[PDB]
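For reference, the structure discussed in these notes is given below.
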Number of protein chains: 2
Amino acid sequence: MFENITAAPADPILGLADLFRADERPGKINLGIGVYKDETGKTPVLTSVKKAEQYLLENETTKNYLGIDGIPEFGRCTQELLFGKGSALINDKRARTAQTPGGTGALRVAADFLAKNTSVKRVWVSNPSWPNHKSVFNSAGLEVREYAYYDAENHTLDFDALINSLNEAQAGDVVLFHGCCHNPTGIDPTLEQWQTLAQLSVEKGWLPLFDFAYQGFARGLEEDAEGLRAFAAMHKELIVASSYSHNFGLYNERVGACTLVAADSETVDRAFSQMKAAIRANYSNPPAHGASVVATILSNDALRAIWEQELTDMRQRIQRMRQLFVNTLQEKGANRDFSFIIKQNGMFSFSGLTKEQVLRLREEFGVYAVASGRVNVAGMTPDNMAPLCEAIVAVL
Amino acid sequence: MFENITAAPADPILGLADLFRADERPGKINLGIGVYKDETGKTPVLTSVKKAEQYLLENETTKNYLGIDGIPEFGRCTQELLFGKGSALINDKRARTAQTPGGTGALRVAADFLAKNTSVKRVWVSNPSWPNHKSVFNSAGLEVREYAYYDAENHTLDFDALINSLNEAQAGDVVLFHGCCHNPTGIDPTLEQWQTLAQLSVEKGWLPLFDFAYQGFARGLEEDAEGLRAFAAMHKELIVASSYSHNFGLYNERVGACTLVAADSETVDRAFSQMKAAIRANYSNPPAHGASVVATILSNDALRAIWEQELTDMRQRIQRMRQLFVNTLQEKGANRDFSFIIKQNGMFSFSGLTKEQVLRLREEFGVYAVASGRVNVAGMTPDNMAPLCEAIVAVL
Ligand SMILES: Cc1ncc(COP(=O)(O)O)c(CN)c1O
Ligand SMILES: Cc1ncc(COP(=O)(O)O)c(CN)c1O
């Protein structure tokens, strides 16, 4: 049966790690990572998270299955985090949240629900986007189309091209929006541009799908949701796939949510029963540990206070590294203006390097970046900043 | 979109649960549960699991992503549990294991791998089987056909009718086998029958898919894989979906595995890359806590000794209840012969009640069982045994 199964290509983010590990050169730097890293080069367990795990160790009396949709307060809490504490969507019971294995899992559940219960045939993703986007929608049997987004010349959101590619793009098509900290560009719409897109979205009959993987990493917990919130005000229907992998450092516990909103309560319950039937035929019911940690933090005000500070420090570390990257570049002799880096948000940016400059830094120097020129600013430390910058000045 | 989504039909097993917590009238017995309960009626955390979780609290320094296929050690220990300590499959490197979200998640990733990389169009499951088998194979786009299994009259394995229905199965079809503790029947093949089914499988060209959700609950760890191991001896290729939800009490942490064996290592390496591509497009990589707990216990001889003892006592509790149920039925005055309960394995048996006898049992009060007649013997305690048997005698 398996004799003539072909190999499956190297994953563009994952494949680079092996290459790295296996290189065993001295002062090598990996900017191809997809995880926050602190000043010392590591990805620690948050203190709030370790305190909430001690609590669970002492209080759990059973590991009996969660409901198909998970922990209830996990769902109340992510609804307030996404839509704000007094949202009409919450008071009018127009939203339903299922706990899922990570943001990727929420995205696959949304895709299987849409494919099996709806007329959606196509989803529009930005060019560029996180490459596993195309694979979850394609696995569910959905066509993915690309809209323009980025200006390589100016390192900006070329809004006009985005709006023009989103023409025609039929009523009943899904448009996927990154809520904040665009991966791979770090270029986000302004609140005026989000409000325009929201208006255009209801004029055109699109179904907005927000991918929210990085809330809290651009400007703040509430600021980062204004885009979503501008759509949620004008739309009857909406889907949000969020992750708690980054803002809680819970990467391997698979903590995310898939939120469904419909015009009203009765319609969200009918549509959410089919979302649950899609979960049941995939993994049945969700991972409890990671999500229990999130519900314990978010609901205990001491713990939450400490988590918010831990998140603020992760956000400020990335902003320091963005200023220090372009300053050191100007100092070591960089030939080009790289100030756009300071404008961009979260852990990713396109460095503005050629595929051949990205192989030059791997081969010659210790520097590892994704072929696209995407670097992760959290991989830079005040310590490796000068050898990294000398190496890219050398390939400019 | 969503305006006219129809409600999903209530899940047979899970739908009874809410009717149960809505009754709240006094000495209600729920025998429709899918989990082990002890003499208290509780589903405890194993103390071996509490001990391994504290070790993880003290020793984890990161929650950074696992590989797509999960924890290594977890994979090796799963293969020795399944295939035995020195099996040629492990020494020839013919097997590859991916850590998965539960036994249901393993079934779904085997199903997407099979639907996307293979000529399989059908899977044969027994009649009866766990209701969710049809649904995960169907969500992957696979046809499920049914082979005969149970003898309603004699309460046995109708072997002649199973061989016969399986002659309709073509080469390149996957046949699904419950490894031990058949759900809902609890009727398992003898080793002589397993060996028959293996030989016949080799010459007719079936692809074996074993679902092993209860290893250790009928006889013992090794005794329970005896059937798997007869197929593994003569087959080039096979797939095993296993769960650690029941023998470890790790239900809501979603701990299972999917094992691929092929003719040789380079073939299973090429096919396993396609399996990992299917995982990546589903939930990206697996939940760490539960599998970390399984690998810690299995790795350490002290913890593994305590676990084996905890599994022994669960297995002996089910066996005592099977005995005490047919004895109490006898002395409470049952006019049917329930001897067959003693012969069956693990938590489930068909009681041999009609649809209208289980409805009246429930309404005329107390006892909740699946419409099918399926009873979970671990929901019976020495305390509720006589009123339960009272009510069953009352309806024959
Ligand atoms: C845009 C985007 N969406 C979804 C995800 C997935 O999140 P998770 O790690 O929980 O799968 C990522 C990766 N972190 C992402 O960058
Ligand atoms: C036969 C069978 N297979 C698979 C599963 C699923 O196991 P899990 O809960 O780990 O997904 C079950 C349910 N426990 C089952 O009874």
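For chain B, take the longest principal axis of its alpha carbons; what is the angle in degrees between that and the long axis of helix B:265-280, to the nearest 10 within 0 to 90? For helix B:265-280, the angle is close to 60 degrees. Distant-in-sequence amide contacts of A:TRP124, defined by a placed amide H-H separation under 5 Å and a gap of 5 or more residues or a different chain, comprise A:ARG145, A:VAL174, A:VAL175, A:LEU176. For A:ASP313 and A:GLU58, a Förster radius of 30 Å and the Cβ-Cβ distance give a FRET efficiency of 0.60, rounded to the nearest 0.05. Computed from label points 7 Å out along Cα-Cβ, the spacing between B:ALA171 and B:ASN127 is 2.7 nm.
In this assembly of identical copies, the label point of A:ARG320 (Cα plus 7 Å along Cα-to-Cβ) is separated from its counterparts by 6.1 nm, sorted shortest first.
Per residue of peptide A:273-279, the mean number of Cβ atoms on other chains within 10 Å of the residue Cβ is 4. Expressed as an acute angle from 0 to 90° and rounded to the nearest 10, what is the orientation of the C-alpha long axis of helix B:191-204 relative to the principal long axis of chain B? That helix lies at roughly 50 degrees to the long axis. For the range B:284-391, the spherically averaged projection of the C-alpha convex hull amounts to 9.8 nm².
Charge dipole (Cα centre; +1 on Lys/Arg Cβ, -1 on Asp/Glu Cβ; no other charges) of the range A:45-315 amounts to roughly 960 debye. Modelled spin-label separation between A:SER119 and A:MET234, with each label point placed 7 Å from Cα along the Cα-to-Cβ direction: 2.2 nm. Each residue of the range A:216-229 was assigned a 3J(HN,Hα) from its phi angle through the Karplus expression (A = 6.51, B = -1.76, C = 1.60, θ = phi - 60°), giving x, 9, 9, 10, x, 3, 6, 4, 5, 9, 5, x, 4, 5 Hz with x at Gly and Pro. Report the paramagnetic label zone for A:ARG219: residues of the range A:337-351 whose backbone N is under 20 Å from a point 7 Å from Cα along the Cα-to-Cβ axis. Backbone N within reach: A:340-349.
Here A:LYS276 is the anchor, and the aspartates and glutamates within straight C-alpha reach of less than 17 Å, apart from those fewer than 8 places off in the same chain, are A:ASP69, A:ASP112, A:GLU266, B:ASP11, B:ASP18. Per-peptide packing, taken as the mean over residues of other Cβ atoms within 10 Å, places B:18-24, A:280-286 in the sequence A:280-286, B:18-24 from highest down. Residue by residue along A:284-296, Cβ atoms of other protein chains within 10 Å of the local Cβ number 5 on average.
Under the simplified labelling scheme, the B:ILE163-A:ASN327 pair shows an inter-label distance of 8.3 nm, with each label point 7 Å from Cα along Cα→Cβ.
Scanning residues 5 or more positions from B:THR156 or on other chains, those with amide H under 5 Å from its amide H are B:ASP151, with H placed 1.01 Å from N in the peptide plane. Relative to one another, the C-alpha centroids of the range A:259-331 and the range B:328-393 are positioned 46 Å apart. All C-alpha to C-alpha distances of the range B:45-315, sorted into 5 Å bins beginning at zero, yield P(r) values of 1, 6, 13, 18, 20, 17, 13, 8, 4, 1, 0, 0 percent in whole numbers. Partner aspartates and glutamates whose Cα lies under 18 Å from the Cα of A:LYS85, excluding those fewer than 8 positions away in the same chain, are identified as A:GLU73, A:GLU222, A:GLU223, A:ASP224, A:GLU226, A:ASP301, A:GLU308.
Plainly put, the tip 7 Å out from Cα toward Cβ on B:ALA22 is 5.7 nm from that tip on each other copy, the closest given first.
The mean count of C-beta atoms from other chains within 10 Å of the C-beta of residues in B:106-116, rounded to a whole number, is 2. To the nearest ten degrees, helix B:301-332 and the longest principal axis of the Cα atoms of chain B are 30 degrees apart. Counted by neighbouring Cβ atoms within 10 Å, the residues A:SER372, B:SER48, A:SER135 run from fewest to most as A:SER372, A:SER135, B:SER48. Between their Cα atoms, which of B:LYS121/B:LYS343; A:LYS355/B:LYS116; A:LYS121/A:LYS236; A:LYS51/B:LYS63 are more than 25 Å away from each other? Distance filter (> 25 Å) returns B:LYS121/B:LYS343; A:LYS355/B:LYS116.
The helix-based estimate of mean residue ellipticity at 222 nm for chain B, built from -39,500 (n - 2.57) per DSSP H run of four or more residues and divided by its residue count, is -13500 deg cm²/dmol to the nearest 500.
Solvent-free Debye calculation, one equal scatterer per alpha-carbon of the range A:54-148: log10 I(q)/I(0) at 0.18, 0.21 Å⁻¹ equals -1.01, -1.12. Couplings 3J(HN,Hα) of the range B:140-145, computed from phi: 8, x, 10, 7, 10, 10 Hz, in residue order, whole Hz [Karplus 6.51 cos²θ - 1.76 cosθ + 1.60, θ = phi - 60°; x for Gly and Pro]. Across identical copies of the chain, A:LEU200 has label-point separations of 6.4 nm, listed in ascending order, with the point defined 7 angstrom from Cα along Cα→Cβ.
Counting every other Cβ atom within 10 Å of each residue's Cβ, A:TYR36, B:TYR147 order from fewest to most as B:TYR147, A:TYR36. The order of A:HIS178, B:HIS155, going from fewest to most other C-beta atoms within 10 Å of their C-beta, is B:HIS155, A:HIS178.
Quick reminder, even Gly has a Cβ in these numbers, built from the backbone with ideal geometry, and neighbours come from all protein chains shown. Computed from the coordinates by the stated procedures, all read-outs in this text should not be read as laboratory data.
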